[PDB]
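Residue-level structural notes
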2 protein chains.
Amino acid sequence: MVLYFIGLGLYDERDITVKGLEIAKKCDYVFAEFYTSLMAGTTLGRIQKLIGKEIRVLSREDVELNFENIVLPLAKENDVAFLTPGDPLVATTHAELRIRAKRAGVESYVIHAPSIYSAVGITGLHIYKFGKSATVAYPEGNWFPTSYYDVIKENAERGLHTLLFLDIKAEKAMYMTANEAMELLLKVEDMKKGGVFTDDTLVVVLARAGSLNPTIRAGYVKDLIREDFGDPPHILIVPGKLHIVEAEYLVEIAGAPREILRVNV
Amino acid sequence: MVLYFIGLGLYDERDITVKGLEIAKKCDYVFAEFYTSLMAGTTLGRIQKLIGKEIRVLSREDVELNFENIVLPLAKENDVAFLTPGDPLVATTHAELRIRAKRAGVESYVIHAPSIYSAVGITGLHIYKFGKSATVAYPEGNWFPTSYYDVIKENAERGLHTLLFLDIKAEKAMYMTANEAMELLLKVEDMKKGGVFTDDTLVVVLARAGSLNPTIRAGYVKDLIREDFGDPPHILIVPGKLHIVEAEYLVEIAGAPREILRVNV
Ligand SMILES: Nc1ncnc2c1ncn2[C@@H]1O[C@H](CSCC[C@H](N)C(=O)O)[C@@H](O)[C@H]1O
């Protein structure tokens, strides 16, 4: 009669909370989805070994089209867990799954875990200064989406930071790198000429948040566009004007050039 | 010979990540602060029991003025952990403590935990639609903070949601309720008269996120301003223009007036 939405956290199998682990261990059935994102620092086998339960993976179609006939039926007479990378319901489509549960007469509870949304606090950028977020999508065929560029423009003009999620082909385990994202933004800039993203733009790259050894780098596009930030996943941030404390953290912790203390504050 | 900043999560001792627990258990010294937020579902005793170590609680003064005299000295010859509610670097100034660690020759690591900043996803509002955040602070003497009002205005004009952290005076055991925040906002409205926050404004309240049964309520200020949302901590959200699915969730899960389903596109 109960369905638990449980977050797996940021990077590996230990990023789930103690609460989520203990609840998952007591569930009769455990499902999981790895299409909204992946857990790059672990494997399905390691997660399964930690929880001590067989884990049934669901595709985007299984969930979006058949959640009510795959998961809910079992939840009607058993304790069922639905694991998701990060924090449950951060992904935009997951919230409605609670409505499906309600419709089916199934109780649902959410067990939170760290999300990249809050983990960006490790960049030293003040969380309250982040504005609207966006996702950088790979262009394809005759389609060249650029809404993420407009998001940066609108945030930056108001002195806010912009968190940019990078494209991912979960099923193929293919990640867009911060380097590719910078190249794309420069390309969009050459097209719109809004003066939003250039070689002189200060950016921050956060790779493998959640790991004990994440890569945190800050600097100008001209210098970082060909830098190796390590293995995925990568997150790109275009900060707005910086509070001196933010700049000092970027210099001392993220290796940013001293120049940001006079140019970006 | 290391310093760990470890988050404890949203509500109780089990909101810590498995990673954070296993590391904290092996540290030589464990310090913590409980003034940046309120963990309403646990006690120092229960946390100490889970980690199996004595926890030295520090005051805001101990940290801000003497972190390098109380904590860092030990981290030079031992493994030390500094625990905090939620995520250690979200809506705190703890990021700067990493600079103090460096300058003192101490390597530091960050272990994330569930944060209210991303937990608001449970309200059904799209996380990417949240704009700049703000804090509603208690007026003191002749000083009456009002900056949070302008934040709501700025976000709303862009169709973005506004997350409002509520004030906390840990030493006085005072935790601002969503009710007190709404009252303060109505007073600022009468002053600036910008039509930003009125009795007809739709708001969302999330209380005790992290618990299994948090209070999630949506409705007009005139109806919610005197409603009992249970014990603290509370967070207040002022949504911007709603997507249909957001409205459906607010109605189905947060008990909002069904009239909001009729979005004015
Ligand atoms: N479990 C919870 N439920 C509702 N609001 C919460 C909360 N935890 C924190 N808050 C909100 O955030 C304020 C403290 S701000 C510090 C936040 C913390 N670092 C984190 O990551 O969550 C509180 O006064 C309250 O308004």
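Residues numbered from 1 in each chain as written, not as in the entry; some residues may be left out. Chains lettered and ligands numbered in written order. Heavy atoms only, no water.

This brings us to the interface of chain A and chain B. Listed per partner, the contact involves 54 residues of chain A and 53 residues of chain B. When chain A packs against chain B, close to 4,900 Å² is buried across both sides, 64% of that on carbon and sulfur atoms. The largest per-residue losses of area from chain A upon contact with chain B belong to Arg14, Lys19 and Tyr117 of chain A, which jointly make up 15% of the total buried on that side. In this assembly, chain A and chain B are joined by nine salt bridges. Between the two partners, chain A and chain B, sit 23 residue pairs in polar contact. Elements with a minimum of two residues in the side of chain A that touches chain B: α1 (18-25), α5 (96-103), β5 (107-111), α6 (116-119), α7 (147-157) and α10 (244-253) of chain A. (Contact = heavy atoms within 4.5 Å. Buried area = accessible area lost by both parts, 1.4 Å probe. Salt bridge = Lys/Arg side-chain N within 4 Å of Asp/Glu carboxyl O. Polar contact = N/O pair within 3.5 Å; in protein donor to acceptor, adjacent residues only side chain to side chain. Helix = DSSP H or I, 4+ residues; strand = E, 2+ residues; numbered from the N terminus.)

Here we take up the UniProt feature "binding site: S-adenosyl-L-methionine" in chain A. UniProt tags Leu10, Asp87, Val90, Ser115, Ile116, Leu166, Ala209 and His234 of chain A as "binding site: S-adenosyl-L-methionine". Checked against the element boundaries, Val90 of chain A lands in the loop between β4 (79-84) and α5. Beyond its immediate chain neighbours, meaning those up to four positions away, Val90 of chain A contacts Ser115 of chain A together with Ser118 and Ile127 of chain B. Relative to the elements of secondary structure, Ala209 of chain A occurs in the loop between β10 (202-207) and β11 (215-220). Given the relative accessible area of 10%, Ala209 of chain A is considered buried. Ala209 of chain A has contacts with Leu10, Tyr11, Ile116, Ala119 and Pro214 of chain A, leaving out every residue within four places of it along the chain. (UniProt positions renumbered as here; feature names shortened; annotations may be inferred. Buried < 20%, exposed > 50% of the residue type's maximum accessible area, 1.4 Å probe, protein only.)

Here the focus is the nonpolar core. One recurring pattern in soluble globular proteins: nonpolar side chains tend to sit buried together. Formed by 97 residues in total, the largest nonpolar core has its most connected members in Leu3 of chain A together with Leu3 of chain B. Counting 43 residues, the second largest nonpolar core, distinct from the first, contains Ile6, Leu21 and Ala32 of chain A together with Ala81 of chain B. (Core = buried A, V, L, I, M, F, W, Y, C linked by side-chain atoms within 4.5 Å.)

What follows covers the domain arrangement of chain A. Residues and elements named next belong to chain A. With domains assigned, chain A is organised as domain 1 (1-114) and domain 2 (115-265). Placing the centre of domain 1 and that of domain 2 at their C-alpha centroids yields a distance of 30 Å. Contacts between the two partners involve twelve residues from domain 1 and, on the opposite side, 14 residues from domain 2. The junction of domain 1 with domain 2 conceals about 980 Å² of combined surface from both sides, 66% of it contributed by carbon and sulfur atoms. (Domains from an automatic or database assignment.)

Time to look at the pairing of strand β1 (residues 2-7) of chain B. Residues and elements named next belong to chain B. In terms of residue burial, β1 counts as a mostly covered element, since six of its six residues are buried. Side chains of β1 alternate between two faces, with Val2, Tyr4 and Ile6 and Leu3, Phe5 and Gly7 buried alike. With six bridges connecting them, β1 and strand β4 (residues 79-84) associate as parallel partners. Counterpart to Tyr4 in the pairing with β4 is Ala81. Of the pairings in the sheet, the one linking β1 to strand β5 (residues 108-111) comprises four bridges and is parallel in character. When the sheet's bridge partners are listed, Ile6 is paired in β5 with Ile111. (Pairing = 2+ DSSP bridges.)

Another aspect to go through is α7 of chain A. Residues and elements named next belong to chain A. Restricting attention to buried positions, one finds in α7 the residues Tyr148, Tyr149, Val151, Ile152 and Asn155. Buried residues of α7, seen end-on, are gathered within an arc of 155° and therefore sit on one face of the element. At its buried positions, α7 is contacted by β6 (134-136), β7 (162-166), α8 (178-192) and β12 (234-238). Once α7 ends, the next one or two residues include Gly159, with phi positive near 75°. (Arc of directions from axis to C-beta.)

To continue, consider the side chain of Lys19 of chain A. Among the secondary structure elements, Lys19 of chain A is positioned in helix α1. In this structure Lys19 of chain A comes out as buried when scored by relative accessible area, which is 1%. Engagement of the side chain of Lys19 of chain A in a polar contact is seen with the side chain of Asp12 of chain B, the distance being 2.9 Å. In this structure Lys19 of chain A touches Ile111 of chain A together with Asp12, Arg14, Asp15, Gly210 and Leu212 of chain B, once residues within four positions along its chain are discounted.

All names here are of chain B. Near the ligand, the surroundings consist of 19 residues, among which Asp87, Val90, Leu166, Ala209 and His234 are the closest. One of the backbone N or O atoms of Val90 is found 2.6 Å from a nitrogen atom in the ligand. Between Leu166 and the ligand, the recorded distance is 2.6 Å, taken from a backbone N or O atom to an oxygen atom. For the ligand, whose unbound accessible area comes to 560 Å², protein coverage reaches 96%. Where the shell around the ligand is concerned, the elements lending two or more residues are β7 (162-166) and β12 (234-238). For the shell around the ligand, the per-class residue count stands at eleven nonpolar, six polar and two charged. Looking at the shell around the ligand, you find at least three residues from each of domain 1 (1-114) and domain 2 (115-265). (Near = heavy atom within 4 Å. Areas by Shrake-Rupley, 256 points an atom, 1.4 Å probe, with all protein chains shown as cover. Nonpolar A, V, L, I, M, F, W, Y, C, P; charged D, E, K, R; others polar.)

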